[PDB]
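Structure data (PDB, C-alpha atoms and all ligand atoms) from start-v4.pdb:
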ATOM      1  CA  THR A   6      33.180  -6.619 -61.233  1.00  0.00           C
ATOM      2  CA  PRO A   7      30.744  -5.460 -63.922  1.00  0.00           C
ATOM      3  CA  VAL A   8      30.394  -7.248 -67.255  1.00  0.00           C
ATOM      4  CA  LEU A   9      29.977  -4.948 -70.261  1.00  0.00           C
ATOM      5  CA  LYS A  10      28.630  -6.412 -73.506  1.00  0.00           C
ATOM      6  CA  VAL A  11      30.385  -5.466 -76.757  1.00  0.00           C
ATOM      7  CA  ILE A  12      28.867  -6.679 -80.020  1.00  0.00           C
ATOM      8  CA  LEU A  13      30.663  -6.894 -83.356  1.00  0.00           C
ATOM      9  CA  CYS A  14      28.592  -5.511 -86.229  1.00  0.00           C
ATOM     10  CA  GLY A  15      29.207  -5.124 -89.943  1.00  0.00           C
ATOM     11  CA  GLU A  16      28.704  -6.958 -93.216  1.00  0.00           C
ATOM     12  CA  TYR A  17      29.983 -10.434 -94.045  1.00  0.00           C
ATOM     13  CA  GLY A  18      33.703 -10.527 -94.819  1.00  0.00           C
ATOM     14  CA  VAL A  19      35.049  -7.423 -93.065  1.00  0.00           C
ATOM     15  CA  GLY A  20      36.930  -9.275 -90.320  1.00  0.00           C
ATOM     16  CA  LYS A  21      34.608  -9.495 -87.322  1.00  0.00           C
ATOM     17  CA  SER A  22      35.473 -13.143 -86.654  1.00  0.00           C
ATOM     18  CA  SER A  23      39.168 -12.343 -87.118  1.00  0.00           C
ATOM     19  CA  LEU A  24      38.902  -9.583 -84.509  1.00  0.00           C
ATOM     20  CA  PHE A  25      37.052 -11.998 -82.220  1.00  0.00           C
ATOM     21  CA  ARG A  26      39.820 -14.571 -82.649  1.00  0.00           C
ATOM     22  CA  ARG A  27      42.464 -11.910 -81.945  1.00  0.00           C
ATOM     23  CA  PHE A  28      40.538 -11.101 -78.757  1.00  0.00           C
ATOM     24  CA  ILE A  29      40.564 -14.704 -77.499  1.00  0.00           C
ATOM     25  CA  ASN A  30      44.151 -15.328 -78.640  1.00  0.00           C
ATOM     26  CA  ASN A  31      46.582 -13.217 -80.646  1.00  0.00           C
ATOM     27  CA  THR A  32      46.244 -15.542 -83.634  1.00  0.00           C
ATOM     28  CA  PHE A  33      45.429 -15.243 -87.323  1.00  0.00           C
ATOM     29  CA  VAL A  34      43.960 -18.102 -89.359  1.00  0.00           C
ATOM     30  CA  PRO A  35      43.408 -17.518 -93.135  1.00  0.00           C
ATOM     31  CA  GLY A  44      33.701 -21.898 -81.322  1.00  0.00           C
ATOM     32  CA  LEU A  45      31.507 -19.764 -79.073  1.00  0.00           C
ATOM     33  CA  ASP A  46      29.444 -16.642 -79.696  1.00  0.00           C
ATOM     34  CA  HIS A  47      30.916 -14.641 -76.798  1.00  0.00           C
ATOM     35  CA  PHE A  48      34.197 -14.354 -74.906  1.00  0.00           C
ATOM     36  CA  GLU A  49      34.949 -12.513 -71.662  1.00  0.00           C
ATOM     37  CA  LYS A  50      38.245 -10.774 -70.870  1.00  0.00           C
ATOM     38  CA  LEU A  51      39.175  -8.939 -67.675  1.00  0.00           C
ATOM     39  CA  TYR A  52      40.585  -5.402 -67.885  1.00  0.00           C
ATOM     40  CA  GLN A  53      41.671  -3.057 -65.094  1.00  0.00           C
ATOM     41  CA  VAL A  54      41.516   0.676 -65.818  1.00  0.00           C
ATOM     42  CA  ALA A  55      42.921   2.703 -62.908  1.00  0.00           C
ATOM     43  CA  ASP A  56      40.605   2.051 -59.957  1.00  0.00           C
ATOM     44  CA  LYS A  57      37.965  -0.045 -61.745  1.00  0.00           C
ATOM     45  CA  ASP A  58      38.049  -3.583 -63.130  1.00  0.00           C
ATOM     46  CA  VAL A  59      35.644  -4.569 -65.914  1.00  0.00           C
ATOM     47  CA  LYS A  60      34.941  -7.754 -67.871  1.00  0.00           C
ATOM     48  CA  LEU A  61      34.446  -7.132 -71.592  1.00  0.00           C
ATOM     49  CA  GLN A  62      32.037  -9.683 -73.095  1.00  0.00           C
ATOM     50  CA  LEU A  63      32.726  -9.549 -76.840  1.00  0.00           C
ATOM     51  CA  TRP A  64      30.059 -11.058 -79.105  1.00  0.00           C
ATOM     52  CA  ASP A  65      30.411 -12.279 -82.687  1.00  0.00           C
ATOM     53  CA  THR A  66      27.555 -12.685 -85.145  1.00  0.00           C
ATOM     54  CA  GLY A  67      28.253 -16.382 -85.703  1.00  0.00           C
ATOM     55  CA  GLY A  68      28.058 -15.933 -89.466  1.00  0.00           C
ATOM     56  CA  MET A  69      24.352 -15.100 -89.239  1.00  0.00           C
ATOM     57  CA  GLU A  70      24.848 -11.774 -91.042  1.00  0.00           C
ATOM     58  CA  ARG A  71      25.490 -13.773 -94.229  1.00  0.00           C
ATOM     59  CA  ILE A  72      21.790 -14.694 -94.447  1.00  0.00           C
ATOM     60  CA  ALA A  73      20.692 -11.418 -92.778  1.00  0.00           C
ATOM     61  CA  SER A  74      19.245 -13.392 -89.847  1.00  0.00           C
ATOM     62  CA  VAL A  75      20.864 -11.526 -86.947  1.00  0.00           C
ATOM     63  CA  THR A  76      18.277 -11.797 -84.177  1.00  0.00           C
ATOM     64  CA  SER A  77      17.223  -8.852 -82.030  1.00  0.00           C
ATOM     65  CA  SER A  78      18.618 -10.599 -78.938  1.00  0.00           C
ATOM     66  CA  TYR A  79      22.104  -9.961 -80.347  1.00  0.00           C
ATOM     67  CA  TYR A  80      21.726  -6.182 -79.974  1.00  0.00           C
ATOM     68  CA  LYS A  81      19.757  -6.076 -76.714  1.00  0.00           C
ATOM     69  CA  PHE A  82      21.574  -5.017 -73.527  1.00  0.00           C
ATOM     70  CA  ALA A  83      24.729  -4.179 -75.504  1.00  0.00           C
ATOM     71  CA  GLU A  84      26.886  -1.608 -73.725  1.00  0.00           C
ATOM     72  CA  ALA A  85      28.946  -1.102 -76.895  1.00  0.00           C
ATOM     73  CA  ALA A  86      28.859  -1.900 -80.606  1.00  0.00           C
ATOM     74  CA  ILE A  87      31.938  -2.075 -82.837  1.00  0.00           C
ATOM     75  CA  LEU A  88      31.007  -1.307 -86.445  1.00  0.00           C
ATOM     76  CA  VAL A  89      33.700  -3.090 -88.473  1.00  0.00           C
ATOM     77  CA  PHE A  90      34.404  -2.326 -92.129  1.00  0.00           C
ATOM     78  CA  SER A  91      37.141  -3.293 -94.569  1.00  0.00           C
ATOM     79  CA  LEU A  92      39.441  -0.425 -95.533  1.00  0.00           C
ATOM     80  CA  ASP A  93      39.746  -1.802 -99.084  1.00  0.00           C
ATOM     81  CA  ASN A  94      35.975  -2.111 -99.685  1.00  0.00           C
ATOM     82  CA  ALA A  95      33.954   1.108 -99.592  1.00  0.00           C
ATOM     83  CA  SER A  96      30.610  -0.728 -99.659  1.00  0.00           C
ATOM     84  CA  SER A  97      31.273  -2.160 -96.190  1.00  0.00           C
ATOM     85  CA  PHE A  98      31.490   1.372 -94.785  1.00  0.00           C
ATOM     86  CA  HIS A  99      28.367   2.521 -96.645  1.00  0.00           C
ATOM     87  CA  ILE A 100      26.330  -0.430 -95.329  1.00  0.00           C
ATOM     88  CA  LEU A 101      27.025   0.447 -91.677  1.00  0.00           C
ATOM     89  CA  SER A 102      23.897   2.641 -91.641  1.00  0.00           C
ATOM     90  CA  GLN A 103      21.601  -0.394 -91.459  1.00  0.00           C
ATOM     91  CA  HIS A 104      23.642  -1.922 -88.632  1.00  0.00           C
ATOM     92  CA  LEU A 105      23.661   1.348 -86.684  1.00  0.00           C
ATOM     93  CA  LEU A 106      19.897   1.630 -87.196  1.00  0.00           C
ATOM     94  CA  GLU A 107      19.365  -1.859 -85.762  1.00  0.00           C
ATOM     95  CA  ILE A 108      21.699  -1.110 -82.841  1.00  0.00           C
ATOM     96  CA  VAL A 109      19.946   2.146 -81.932  1.00  0.00           C
ATOM     97  CA  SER A 110      16.534   0.505 -82.373  1.00  0.00           C
ATOM     98  CA  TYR A 111      17.267  -2.385 -79.990  1.00  0.00           C
ATOM     99  CA  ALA A 112      19.918  -0.775 -77.754  1.00  0.00           C
ATOM    100  CA  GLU A 113      19.838   3.002 -77.397  1.00  0.00           C
ATOM    101  CA  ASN A 114      22.458   4.785 -75.275  1.00  0.00           C
ATOM    102  CA  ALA A 115      25.095   2.345 -76.554  1.00  0.00           C
ATOM    103  CA  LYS A 116      28.662   3.442 -77.254  1.00  0.00           C
ATOM    104  CA  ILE A 117      29.401   3.172 -80.984  1.00  0.00           C
ATOM    105  CA  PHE A 118      32.978   2.449 -82.058  1.00  0.00           C
ATOM    106  CA  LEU A 119      34.321   2.325 -85.613  1.00  0.00           C
ATOM    107  CA  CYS A 120      36.927  -0.188 -86.796  1.00  0.00           C
ATOM    108  CA  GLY A 121      38.769  -0.007 -90.105  1.00  0.00           C
ATOM    109  CA  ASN A 122      40.085  -3.523 -90.605  1.00  0.00           C
ATOM    110  CA  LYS A 123      42.465  -4.893 -93.263  1.00  0.00           C
ATOM    111  CA  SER A 124      44.771  -1.876 -93.045  1.00  0.00           C
ATOM    112  CA  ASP A 125      47.466  -3.893 -94.858  1.00  0.00           C
ATOM    113  CA  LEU A 126      45.322  -4.136 -98.025  1.00  0.00           C
ATOM    114  CA  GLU A 127      44.344  -0.453 -98.378  1.00  0.00           C
ATOM    115  CA  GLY A 128      47.509   1.560 -99.159  1.00  0.00           C
ATOM    116  CA  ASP A 135      39.057   1.727-101.123  1.00  0.00           C
ATOM    117  CA  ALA A 136      39.537   5.307 -99.852  1.00  0.00           C
ATOM    118  CA  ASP A 137      37.320   5.915 -96.753  1.00  0.00           C
ATOM    119  CA  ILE A 138      39.938   8.273 -95.319  1.00  0.00           C
ATOM    120  CA  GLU A 139      37.296  10.422 -93.574  1.00  0.00           C
ATOM    121  CA  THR A 140      34.371   9.166 -91.516  1.00  0.00           C
ATOM    122  CA  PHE A 141      32.858  12.578 -92.362  1.00  0.00           C
ATOM    123  CA  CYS A 142      30.419  12.520 -89.421  1.00  0.00           C
ATOM    124  CA  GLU A 143      28.615   9.296 -90.291  1.00  0.00           C
ATOM    125  CA  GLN A 144      26.324  10.023 -87.340  1.00  0.00           C
ATOM    126  CA  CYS A 145      25.959  13.226 -85.347  1.00  0.00           C
ATOM    127  CA  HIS A 146      25.468  14.280 -81.710  1.00  0.00           C
ATOM    128  CA  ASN A 147      28.812  12.539 -81.063  1.00  0.00           C
ATOM    129  CA  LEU A 148      27.344   9.061 -81.480  1.00  0.00           C
ATOM    130  CA  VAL A 149      30.766   7.795 -82.587  1.00  0.00           C
ATOM    131  CA  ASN A 150      33.079   7.667 -79.575  1.00  0.00           C
ATOM    132  CA  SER A 151      36.319   6.943 -81.461  1.00  0.00           C
ATOM    133  CA  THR A 152      37.600   5.334 -84.655  1.00  0.00           C
ATOM    134  CA  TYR A 153      40.309   2.710 -85.098  1.00  0.00           C
ATOM    135  CA  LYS A 154      42.340   1.213 -87.946  1.00  0.00           C
ATOM    136  CA  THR A 155      43.227  -2.427 -87.277  1.00  0.00           C
ATOM    137  CA  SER A 156      44.802  -5.302 -89.198  1.00  0.00           C
ATOM    138  CA  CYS A 157      44.001  -8.803 -87.946  1.00  0.00           C
ATOM    139  CA  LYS A 158      46.733 -10.251 -90.175  1.00  0.00           C
ATOM    140  CA  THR A 159      49.500  -8.252 -88.462  1.00  0.00           C
ATOM    141  CA  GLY A 160      47.667  -7.445 -85.218  1.00  0.00           C
ATOM    142  CA  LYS A 161      48.360  -3.722 -85.605  1.00  0.00           C
ATOM    143  CA  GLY A 162      46.027  -1.562 -83.536  1.00  0.00           C
ATOM    144  CA  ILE A 163      43.868  -4.349 -82.088  1.00  0.00           C
ATOM    145  CA  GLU A 164      45.091  -4.511 -78.484  1.00  0.00           C
ATOM    146  CA  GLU A 165      45.189  -0.708 -78.396  1.00  0.00           C
ATOM    147  CA  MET A 166      41.626  -0.582 -79.741  1.00  0.00           C
ATOM    148  CA  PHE A 167      40.205  -2.930 -77.106  1.00  0.00           C
ATOM    149  CA  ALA A 168      42.159  -1.210 -74.328  1.00  0.00           C
ATOM    150  CA  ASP A 169      40.856   2.203 -75.404  1.00  0.00           C
ATOM    151  CA  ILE A 170      37.306   0.830 -75.674  1.00  0.00           C
ATOM    152  CA  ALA A 171      37.468  -0.544 -72.130  1.00  0.00           C
ATOM    153  CA  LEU A 172      38.944   2.744 -70.896  1.00  0.00           C
ATOM    154  CA  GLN A 173      36.263   4.859 -72.585  1.00  0.00           C
ATOM    155  CA  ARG A 174      33.382   2.782 -71.227  1.00  0.00           C
ATOM    156  CA  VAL A 175      34.795   2.669 -67.700  1.00  0.00           C
ATOM    157  CA  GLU A 176      35.078   6.460 -67.889  1.00  0.00           C
ATOM    158  CA  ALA A 177      31.540   6.797 -69.262  1.00  0.00           C
ATOM    159  CA  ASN A 178      30.006   4.549 -66.596  1.00  0.00           C
ATOM    160  CA  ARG A 179      31.808   6.501 -63.858  1.00  0.00           C
ATOM    161  CA  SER A 180      30.553   9.896 -65.084  1.00  0.00           C
TER     162      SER A 180
HETATM  163  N1  LIG B   1      45.069  -8.817 -94.826  1.00  0.00           N
HETATM  164  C1  LIG B   1      44.069  -8.924 -93.920  1.00  0.00           C
HETATM  165  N2  LIG B   1      43.131  -9.891 -94.098  1.00  0.00           N
HETATM  166  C2  LIG B   1      42.110 -10.041 -93.220  1.00  0.00           C
HETATM  167  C3  LIG B   1      42.037  -9.135 -92.066  1.00  0.00           C
HETATM  168  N3  LIG B   1      40.947  -9.495 -91.364  1.00  0.00           N
HETATM  169  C4  LIG B   1      40.369 -10.536 -92.009  1.00  0.00           C
HETATM  170  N4  LIG B   1      41.064 -10.864 -93.112  1.00  0.00           N
HETATM  171  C5  LIG B   1      40.714 -11.956 -94.049  1.00  0.00           C
HETATM  172  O1  LIG B   1      39.322 -11.906 -94.366  1.00  0.00           O
HETATM  173  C6  LIG B   1      38.795 -13.231 -94.443  1.00  0.00           C
HETATM  174  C7  LIG B   1      37.368 -13.278 -93.914  1.00  0.00           C
HETATM  175  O2  LIG B   1      37.248 -12.536 -92.701  1.00  0.00           O
HETATM  176  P1  LIG B   1      36.141 -12.979 -91.619  1.00  0.00           P
HETATM  177  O3  LIG B   1      36.808 -13.350 -90.317  1.00  0.00           O
HETATM  178  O4  LIG B   1      35.333 -14.139 -92.147  1.00  0.00           O
HETATM  179  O5  LIG B   1      35.246 -11.656 -91.414  1.00  0.00           O
HETATM  180  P2  LIG B   1      33.690 -11.713 -90.999  1.00  0.00           P
HETATM  181  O6  LIG B   1      33.001 -12.905 -91.617  1.00  0.00           O
HETATM  182  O7  LIG B   1      33.016 -10.453 -91.481  1.00  0.00           O
HETATM  183  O8  LIG B   1      33.575 -11.772 -89.496  1.00  0.00           O
HETATM  184  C8  LIG B   1      39.720 -14.125 -93.632  1.00  0.00           C
HETATM  185  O9  LIG B   1      40.056 -15.295 -94.380  1.00  0.00           O
HETATM  186  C9  LIG B   1      40.962 -13.296 -93.375  1.00  0.00           C
HETATM  187  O10 LIG B   1      42.105 -13.937 -93.947  1.00  0.00           O
HETATM  188  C10 LIG B   1      43.094  -8.108 -91.940  1.00  0.00           C
HETATM  189  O11 LIG B   1      43.093  -7.304 -90.985  1.00  0.00           O
HETATM  190  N5  LIG B   1      44.048  -8.068 -92.880  1.00  0.00           N
HETATM  191 MG    MG B   2      32.425 -14.069 -89.220  1.00  0.00          MG
HETATM  192 MG    MG B   3      23.113  -8.164 -89.895  1.00  0.00          MG
HETATM  193 MG    MG B   4      29.994  -6.109-101.377  1.00  0.00          MG
END
Would you mind writing the file out in structure tokens?
Ligand SMILES: Nc1nc2c(ncn2[C@@H]2O[C@H](COP(=O)(O)OP(=O)(O)O)[C@@H](O)[C@H]2O)c(=O)[nH]1
Ligand SMILES: [Mg+2]
Ligand SMILES: [Mg+2]
Ligand SMILES: [Mg+2]
Amino acid sequence: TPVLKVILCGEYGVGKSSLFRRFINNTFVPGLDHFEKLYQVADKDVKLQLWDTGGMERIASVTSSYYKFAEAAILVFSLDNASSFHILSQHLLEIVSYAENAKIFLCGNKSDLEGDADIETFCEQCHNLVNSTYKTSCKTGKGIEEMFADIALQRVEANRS
């Protein structure tokens, strides 16, 4: 079964490590850089290899090997902080530079602390670079399992086409 690499991108403090923890175990706490999980979508089984930055985005020392050979990139931003959504342009630039033809997904984390703005992605990038957007909350787990399931489904469908 194929192994598809999914990287977590975004600024420091949006909830990338919390999403990574939720992936490994459905846990929230107020290890390794990558974790593999097996999904079956219809006929095809795929192993999603989710990567976390390891806190290296705090010193802006995310190496180019983090983006290389990435089948997908999840741009995570906090729904209560509008700067985290504005700063995604640099991360998308690095992704495209080191891994073109990569599926870009958008994650709006901390949906329990928004009630800020960022209600419209407003075509952050064109030519349908964004495959789909998601609103998650690592504290309550809302929309996380659905997000990863839909990501696996979309990339199985894309690799079959
Ligand atoms: N309420 C709420 N808090 C969150 C959520 N995700 C993360 N946090 C909080 O944000 C803090 C830092 O998040 P962190 O995992 O370090 O994000 P990262 O460093 O960007 O990967 C943690 O202490 C969490 O308690 C969420 O979905 N909802
Ligand atoms: Mg982190
Ligand atoms: Mg970085
Ligand atoms: Mg800031």
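Shortest atom-to-atom contact with residue 35 in chain A among A:116, A:180, A:158, A:55: A:158, counting only C-alpha atoms.
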Residue IDs satisfying the PyMOL selection byres (((chain A and resi 51) around 10) and not hetatm), as a JSON list (two decimals) with C-alpha atoms, in the frame of the given file:
[["chain", "number", "residue", "atom", "x", "y", "z"],
["A", 6, "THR", "CA", 33.18, -6.62, -61.23],
["A", 7, "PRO", "CA", 30.74, -5.46, -63.92],
["A", 8, "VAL", "CA", 30.39, -7.25, -67.26],
["A", 49, "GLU", "CA", 34.95, -12.51, -71.66],
["A", 50, "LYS", "CA", 38.24, -10.77, -70.87],
["A", 52, "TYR", "CA", 40.58, -5.40, -67.89],
["A", 53, "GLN", "CA", 41.67, -3.06, -65.09],
["A", 58, "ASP", "CA", 38.05, -3.58, -63.13],
["A", 59, "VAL", "CA", 35.64, -4.57, -65.91],
["A", 60, "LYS", "CA", 34.94, -7.75, -67.87],
["A", 61, "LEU", "CA", 34.45, -7.13, -71.59],
["A", 62, "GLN", "CA", 32.04, -9.68, -73.10],
["A", 171, "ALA", "CA", 37.47, -0.54, -72.13]]
Given the PyMOL selection byres (((chain A and resi 86-88) around 8) and not hetatm), the residues it picks as a VMD selection string: chain A and resid 11 to 15 83 to 85 89 to 90 101 104 to 105 108 115 to 120
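Distance-wise, atom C9 of ligand LIG 1 (chain B) and CA of residue 112 in chain A end up 29.0 Å apart.
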Close residues to ligand MG 4 (chain B) using all atoms listed in the file, limit 10 Å, as a VMD selection string: chain A and resid 16 to 19 94 to 97 99 to 100
Put a box with edges along x, y and z around all the listed atoms of range 116-128 of chain A, pad it by 5 Å on each side, then give me its centre and sizes in Å, one decimal, as AutoDock Vina command-line options.
--center_x 38.1 --center_y -0.7 --center_z -88.2 --size_x 28.8 --size_y 18.3 --size_z 31.9
Closest of A:26, A:146, A:57, A:81 to ligand LIG 1 (chain B) - atom-to-atom distances counting all atoms listed in the file: A:26
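Separating atom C9 of ligand LIG 1 (chain B) from CA of residue 76 in chain A is a distance of 24.5 Å.
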Among listed residues A:173, A:70, A:121, A:102, nearest residue 143 in chain A (using all atoms listed in the file): A:102
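Proximity ranking of A:10, A:48, A:176, A:24 relative to residue 160 in chain A places A:24 first, based on all atoms listed in the file.
Once the PyMOL selection byres (((chain A and resi 137) around 8) and not hetatm) is applied to the shown structure, the selection contains residues 92, 95, 98, 135, 136, 138, 139 and 140 of chain A.
Going from CA of residue 166 in chain A over to CA of residue 150 in chain A, you cover 11.9 Å.
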Expected answer as a ChimeraX atom specification: residues within 8 Å of ligand MG 2 (chain B), only C-alpha atoms and all ligand atoms: /A:17-18,20-23,65-68
How would the residues just chosen look if you wrote them out with C-alpha atoms as a PDB file, keeping the file's coordinate frame?
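As written to disk, again00.pdb reads:
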ATOM      1  CA  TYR A  17      29.983 -10.434 -94.045  1.00  0.00           C
ATOM      2  CA  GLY A  18      33.703 -10.527 -94.819  1.00  0.00           C
ATOM      3  CA  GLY A  20      36.930  -9.275 -90.320  1.00  0.00           C
ATOM      4  CA  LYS A  21      34.608  -9.495 -87.322  1.00  0.00           C
ATOM      5  CA  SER A  22      35.473 -13.143 -86.654  1.00  0.00           C
ATOM      6  CA  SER A  23      39.168 -12.343 -87.118  1.00  0.00           C
ATOM      7  CA  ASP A  65      30.411 -12.279 -82.687  1.00  0.00           C
ATOM      8  CA  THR A  66      27.555 -12.685 -85.145  1.00  0.00           C
ATOM      9  CA  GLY A  67      28.253 -16.382 -85.703  1.00  0.00           C
ATOM     10  CA  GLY A  68      28.058 -15.933 -89.466  1.00  0.00           C
TER      11      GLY A  68
END
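Closest approach to ligand LIG 1 (chain B) among A:31, A:9, A:73, A:159: A:159, based on only C-alpha atoms and all ligand atoms.
Comparing A:75, A:148, A:142, A:126 by their smallest distance to ligand MG 3 (chain B), the closest is A:75 (using all atoms listed in the file).
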Completion step: range 74-90 of chain A with N, CA, C and O atoms as a PDB file, in the frame of the given file:
ATOM      1  N   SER A  74      20.092 -12.832 -90.893  1.00  0.00           N
ATOM      2  CA  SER A  74      19.245 -13.392 -89.847  1.00  0.00           C
ATOM      3  C   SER A  74      19.838 -13.135 -88.468  1.00  0.00           C
ATOM      4  O   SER A  74      19.846 -14.012 -87.600  1.00  0.00           O
ATOM      5  N   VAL A  75      20.346 -11.925 -88.251  1.00  0.00           N
ATOM      6  CA  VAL A  75      20.864 -11.526 -86.947  1.00  0.00           C
ATOM      7  C   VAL A  75      19.673 -11.175 -86.062  1.00  0.00           C
ATOM      8  O   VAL A  75      18.972 -10.191 -86.310  1.00  0.00           O
ATOM      9  N   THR A  76      19.441 -11.981 -85.029  1.00  0.00           N
ATOM     10  CA  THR A  76      18.277 -11.797 -84.177  1.00  0.00           C
ATOM     11  C   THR A  76      18.399 -10.516 -83.354  1.00  0.00           C
ATOM     12  O   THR A  76      19.484  -9.958 -83.171  1.00  0.00           O
ATOM     13  N   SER A  77      17.251 -10.052 -82.856  1.00  0.00           N
ATOM     14  CA  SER A  77      17.223  -8.852 -82.030  1.00  0.00           C
ATOM     15  C   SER A  77      17.878  -9.068 -80.674  1.00  0.00           C
ATOM     16  O   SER A  77      18.318  -8.096 -80.051  1.00  0.00           O
ATOM     17  N   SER A  78      17.952 -10.315 -80.203  1.00  0.00           N
ATOM     18  CA  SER A  78      18.618 -10.599 -78.938  1.00  0.00           C
ATOM     19  C   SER A  78      20.118 -10.344 -79.008  1.00  0.00           C
ATOM     20  O   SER A  78      20.764 -10.231 -77.961  1.00  0.00           O
ATOM     21  N   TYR A  79      20.682 -10.255 -80.213  1.00  0.00           N
ATOM     22  CA  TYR A  79      22.104  -9.961 -80.347  1.00  0.00           C
ATOM     23  C   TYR A  79      22.415  -8.520 -79.971  1.00  0.00           C
ATOM     24  O   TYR A  79      23.485  -8.242 -79.418  1.00  0.00           O
ATOM     25  N   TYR A  80      21.497  -7.595 -80.252  1.00  0.00           N
ATOM     26  CA  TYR A  80      21.726  -6.182 -79.974  1.00  0.00           C
ATOM     27  C   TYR A  80      21.274  -5.768 -78.582  1.00  0.00           C
ATOM     28  O   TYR A  80      21.794  -4.786 -78.041  1.00  0.00           O
ATOM     29  N   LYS A  81      20.323  -6.488 -77.992  1.00  0.00           N
ATOM     30  CA  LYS A  81      19.757  -6.076 -76.714  1.00  0.00           C
ATOM     31  C   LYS A  81      20.809  -6.095 -75.612  1.00  0.00           C
ATOM     32  O   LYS A  81      21.686  -6.963 -75.580  1.00  0.00           O
ATOM     33  N   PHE A  82      20.717  -5.113 -74.711  1.00  0.00           N
ATOM     34  CA  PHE A  82      21.574  -5.017 -73.527  1.00  0.00           C
ATOM     35  C   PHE A  82      23.052  -4.907 -73.890  1.00  0.00           C
ATOM     36  O   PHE A  82      23.921  -5.322 -73.120  1.00  0.00           O
ATOM     37  N   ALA A  83      23.352  -4.343 -75.056  1.00  0.00           N
ATOM     38  CA  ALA A  83      24.729  -4.179 -75.504  1.00  0.00           C
ATOM     39  C   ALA A  83      25.257  -2.830 -75.033  1.00  0.00           C
ATOM     40  O   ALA A  83      24.739  -1.781 -75.432  1.00  0.00           O
ATOM     41  N   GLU A  84      26.285  -2.857 -74.182  1.00  0.00           N
ATOM     42  CA  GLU A  84      26.886  -1.608 -73.725  1.00  0.00           C
ATOM     43  C   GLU A  84      27.661  -0.918 -74.840  1.00  0.00           C
ATOM     44  O   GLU A  84      27.800   0.310 -74.825  1.00  0.00           O
ATOM     45  N   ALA A  85      28.166  -1.678 -75.809  1.00  0.00           N
ATOM     46  CA  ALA A  85      28.946  -1.102 -76.895  1.00  0.00           C
ATOM     47  C   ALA A  85      28.759  -1.927 -78.156  1.00  0.00           C
ATOM     48  O   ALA A  85      28.458  -3.122 -78.100  1.00  0.00           O
ATOM     49  N   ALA A  86      28.954  -1.271 -79.297  1.00  0.00           N
ATOM     50  CA  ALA A  86      28.859  -1.900 -80.606  1.00  0.00           C
ATOM     51  C   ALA A  86      30.027  -1.431 -81.458  1.00  0.00           C
ATOM     52  O   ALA A  86      30.232  -0.224 -81.621  1.00  0.00           O
ATOM     53  N   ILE A  87      30.790  -2.377 -81.992  1.00  0.00           N
ATOM     54  CA  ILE A  87      31.938  -2.075 -82.837  1.00  0.00           C
ATOM     55  C   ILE A  87      31.522  -2.305 -84.283  1.00  0.00           C
ATOM     56  O   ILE A  87      31.376  -3.450 -84.723  1.00  0.00           O
ATOM     57  N   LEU A  88      31.328  -1.218 -85.025  1.00  0.00           N
ATOM     58  CA  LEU A  88      31.007  -1.307 -86.445  1.00  0.00           C
ATOM     59  C   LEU A  88      32.302  -1.517 -87.221  1.00  0.00           C
ATOM     60  O   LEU A  88      33.135  -0.609 -87.311  1.00  0.00           O
ATOM     61  N   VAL A  89      32.477  -2.714 -87.774  1.00  0.00           N
ATOM     62  CA  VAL A  89      33.700  -3.090 -88.473  1.00  0.00           C
ATOM     63  C   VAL A  89      33.471  -2.978 -89.972  1.00  0.00           C
ATOM     64  O   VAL A  89      32.422  -3.387 -90.485  1.00  0.00           O
ATOM     65  N   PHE A  90      34.452  -2.418 -90.679  1.00  0.00           N
ATOM     66  CA  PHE A  90      34.404  -2.326 -92.129  1.00  0.00           C
ATOM     67  C   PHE A  90      35.805  -2.514 -92.691  1.00  0.00           C
ATOM     68  O   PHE A  90      36.800  -2.162 -92.052  1.00  0.00           O
TER      69      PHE A  90
END
